[PDB]
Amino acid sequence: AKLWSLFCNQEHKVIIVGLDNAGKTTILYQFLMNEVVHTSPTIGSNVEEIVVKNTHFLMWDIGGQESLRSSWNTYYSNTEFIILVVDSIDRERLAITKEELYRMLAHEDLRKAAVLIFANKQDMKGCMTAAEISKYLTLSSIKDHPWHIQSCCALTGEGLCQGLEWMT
């Protein structure tokens, strides 16, 4: 993507969060194509810091060990974008996604952040619609951050450029 190259050459800070198995790594791979590449969590956290040109991506699983949440606070200041990846077939765990999202948003350090929600795995038959996910997440209630929900399939990259377009 020319749009990805443009975005990353600019000076952005971006958080990508979601439960394990949401599709975070796959989404990033569709753009990164092994260039920059795969790096272990910063000591004392579960947070992967990946630098793409002038852009810093911070990636982590939410919904695991509760004591991990404190490790994230240092990372919040100056974040331009929060990318929330939601597995659209995981009806059973959407409640944890909701809980952690609103926990994260409560931080004054994230007041500047715009939130892109990727409704991922939209290829799967019988998945929740983006509208249902938006309803459950009560996104219409977020008035203090810009937000957008984007249906996607991380495997084919379908929807990913449109999500990125909303960001840029």
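Residue numbers here begin at 1 and follow the sequence given.
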(request) Would you tell me which stretch averages the higher CA B-factor in the PDB entry, 90-98 or 76-84? (result) 76-84
(request) Higher average CA B factor in the deposited record is what I'm after, so tell me if that's 1-9 or 159-167. (result) 1-9
(message) Using only the C-alpha B-factors in the record, can you name which of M59, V37, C127, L68 has the highest?
(response) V37
(request) Can you pull the Cα B-factors for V52, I117, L139, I27 from the entry and say which is highest? (result) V52
(message) Taking only the Cα B-factors deposited for this chain, tell me whether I133 sits in the lowest, middle or highest third.
(response) lowest
(request) Pull the Cα B-factor of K121 out of the PDB entry and bin it into the chain's lowest, middle or highest third. (result) lowest
